[PDB]
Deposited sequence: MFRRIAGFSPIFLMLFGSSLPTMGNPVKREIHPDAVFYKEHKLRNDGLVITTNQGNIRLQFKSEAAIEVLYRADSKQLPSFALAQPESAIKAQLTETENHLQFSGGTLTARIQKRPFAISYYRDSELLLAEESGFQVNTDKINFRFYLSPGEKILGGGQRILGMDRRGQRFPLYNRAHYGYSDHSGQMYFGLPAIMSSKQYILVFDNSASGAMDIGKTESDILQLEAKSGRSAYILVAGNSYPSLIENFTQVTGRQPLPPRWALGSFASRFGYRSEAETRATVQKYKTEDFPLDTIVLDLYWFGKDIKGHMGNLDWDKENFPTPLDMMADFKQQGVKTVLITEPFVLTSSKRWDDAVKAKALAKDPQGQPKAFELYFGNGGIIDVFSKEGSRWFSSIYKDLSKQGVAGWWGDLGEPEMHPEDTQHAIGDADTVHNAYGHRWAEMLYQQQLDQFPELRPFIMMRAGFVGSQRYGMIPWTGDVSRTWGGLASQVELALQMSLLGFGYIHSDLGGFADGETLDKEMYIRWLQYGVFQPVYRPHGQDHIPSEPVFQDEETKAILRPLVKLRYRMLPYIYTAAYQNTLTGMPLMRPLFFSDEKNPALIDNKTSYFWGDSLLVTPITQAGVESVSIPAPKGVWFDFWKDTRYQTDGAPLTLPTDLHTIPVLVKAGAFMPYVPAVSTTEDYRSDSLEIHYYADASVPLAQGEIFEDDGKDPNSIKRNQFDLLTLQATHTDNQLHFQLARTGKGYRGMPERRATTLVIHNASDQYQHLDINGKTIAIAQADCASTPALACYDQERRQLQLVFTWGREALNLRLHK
């Protein structure tokens, strides 16, 4: 039995007194509110909020039975007796407390509306709509998963509803979520301990909702462009020779390569007993400074794996103990416990001493030539209950360990290299870990079709709640005795159209594309080159992710917000605005049914035009591609393929525009900068190319422009080939900035024509110079 007693308005926050205690309500933006119960007491700080201290002017009004605390779009309605808070966008009911905060265990209970669909929980393989499911909030490995999981590496204490709110349980501790499983109409959140707070964020659309959420939880800083390149990875290169031979293999096989990744053999010859050395094993890596320098000469970066644990058998045990860097038992000694790798402790990233000790190690190695960082096992993979961290016990801090690990490493990399963008790849974090540049992958996936088939679900679930760069170990990671060639190819094809191109697997079967048979390479080589040719498209989606939270992969359901049933789809997704991709996730599939949104669509590979008023499209399949449709009105930008993003140039642009009269107005954007400067967006050191198409019955008009202050090495003038797909055969006239130019109707591929119509392909090609001044191209019948 809970009831209202008193309220004060302090700072700009609303403090309520019930018979149970104090509740602090602070709007963190016009559409987002932090609700802290037990506000009187001392508890862990927020982990989810980018600006935990902030609060903004809200309106407070009072009636007999209710309080009303309102920002821009979001209103908290506080019923007095019984005490229950509910949330409104306009006068639309988002979410109502049931019992709300219970208190002894932390417990929160809310009503679910009938028909409400609930995405969330981070990594699970349960179906996109998680309503009717119950699962723990306890990051934990799921080695060799395939087609089912209620508990994996990276849970999120958050949901997204079909009513277009996000709800965050801002709690770091061992806990659970029950999404109307136990009780049909109840969402319950629970933890053993930790902060008793939740955050509600509203939006008018899924994009707005995501913009609002990243506003208050954190925006991912634009990664270095090289993170969009080809990674060489396995578990693991055993030697400097083997690592050099793999970089060579990429060069001799003519596959693009930006980064080679070194797994745990860089610090010792065995899987067990060396973890915590954090230093080169010189018997097998005798000249690593030279190695890394030699790779940099070929435009190739080195990334090293690190882990939370220091083994008692490692060379750094005594020193970490001496420095007070490890977590302790309640008795005050270094806590040691038996991992797979052996007996060892865990570095306490929540302490001053642990942070400084660990940071200093990353500094030294980074100075030696390491460009980027991989942090494995941050669940933490093993985390005994009575381990003590500076700010709480293992069970209290568990779900925020990797988060703070990232924060630590990020801050360190920014301080060491303020003119570079950190690369931090990790397996486990918390809500908001994207603000530390976290790039997550979906752990030790099995080498099965089921492993592949689950990757879209996982990617979208993570993407929707802040992690644009979620990806998988391409080809699969765990077990297997012999390569499943077809599955491998399918996985590396999907790879091209997902955030991070990183094949990686246990080294009894080759993970890297350069080690595959002739047929496999002949299929993947042009697709990996394609990934580089598409860097303008991807890098611009990345820019929009830094700007607004918009994920690179978007779910089908974005296409129609009034059709909740689309939420179930996890087999087709949008890569950027323009490409609807359907990965093939079983052997020998001969055709697919694609649930294309109403409109006009083109086969990306074959240029076939399709119109649909709702009905799905059947496309055939081949082994050389996977089905990808382009939306009418798309501008697809390309540059020439390079071996490494270090050699990237946009001097030459090739842009393909998919025309259809069904789209009378279309826009595209290309975001160019130096690909490395972390301040480029803030300081406007960029070149933002825009393209606007206007398509009427008798005319097709393109307006081209550039904004921003540019950057060092930016081309003043780009040679631009614009290819118009599905172009009318009736255009008599082109003018470029008012100057008339004849359109040739033959030999388009075989003269240096400025404008040429290919009648057999229905493509009109325009070649021109795109300088800093605005440009209009007008086609007319």
Deposited-sequence ranges lacking CA coordinates, in order, are 1-34, 139-140
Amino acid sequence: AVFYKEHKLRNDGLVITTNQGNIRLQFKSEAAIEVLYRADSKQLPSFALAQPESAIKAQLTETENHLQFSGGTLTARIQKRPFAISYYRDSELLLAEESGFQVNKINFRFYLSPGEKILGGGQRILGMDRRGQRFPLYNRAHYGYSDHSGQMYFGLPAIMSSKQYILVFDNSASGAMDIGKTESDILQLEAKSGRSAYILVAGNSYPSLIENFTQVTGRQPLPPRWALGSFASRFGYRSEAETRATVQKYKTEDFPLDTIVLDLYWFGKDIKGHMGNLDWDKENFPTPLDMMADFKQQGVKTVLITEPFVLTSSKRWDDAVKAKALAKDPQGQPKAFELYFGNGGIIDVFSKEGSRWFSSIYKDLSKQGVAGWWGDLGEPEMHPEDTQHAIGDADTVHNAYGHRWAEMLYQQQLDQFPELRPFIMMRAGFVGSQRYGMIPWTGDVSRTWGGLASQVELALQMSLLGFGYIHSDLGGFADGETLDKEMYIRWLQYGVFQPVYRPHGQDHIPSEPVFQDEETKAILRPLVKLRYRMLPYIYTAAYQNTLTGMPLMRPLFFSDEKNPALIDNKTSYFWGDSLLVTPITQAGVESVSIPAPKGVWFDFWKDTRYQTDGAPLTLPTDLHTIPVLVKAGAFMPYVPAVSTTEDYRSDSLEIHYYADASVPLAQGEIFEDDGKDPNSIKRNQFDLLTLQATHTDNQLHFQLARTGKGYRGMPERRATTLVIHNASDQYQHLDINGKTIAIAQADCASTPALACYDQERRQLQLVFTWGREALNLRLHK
From here on, numbers count along this sequence of modelled residues.
Could you find out if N104 - modelled in this structure - is missing from at least a third of the other PDB entries compared that contain residues on either side?
yes
Comparing 90-98 with 309-317, the higher average Cα temperature factor in the PDB entry belongs to 90-98
Of 687-695 vs 78-86, the stretch with the larger average CA B-factor in the entry is 78-86
From the entry's CA B-factor values, the highest among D607, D507, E486, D290 is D607
Based on the PDB entry, the highest CA temperature factor among the options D415, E240, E457, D263 is that of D415
Here the Cα B-factor of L257, set against its chain, lands in the third termed lowest
Temperature factor at the Cα of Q763, chain-ranked in thirds, falls in the lowest
Chain thirds by Cα B factor, record data; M714 belongs to the lowest
Quick tally, chain-level thirds of C-alpha B-factors: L209 sits in the highest
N107: C-alpha B-factor third of its chain, per the entry, is the highest
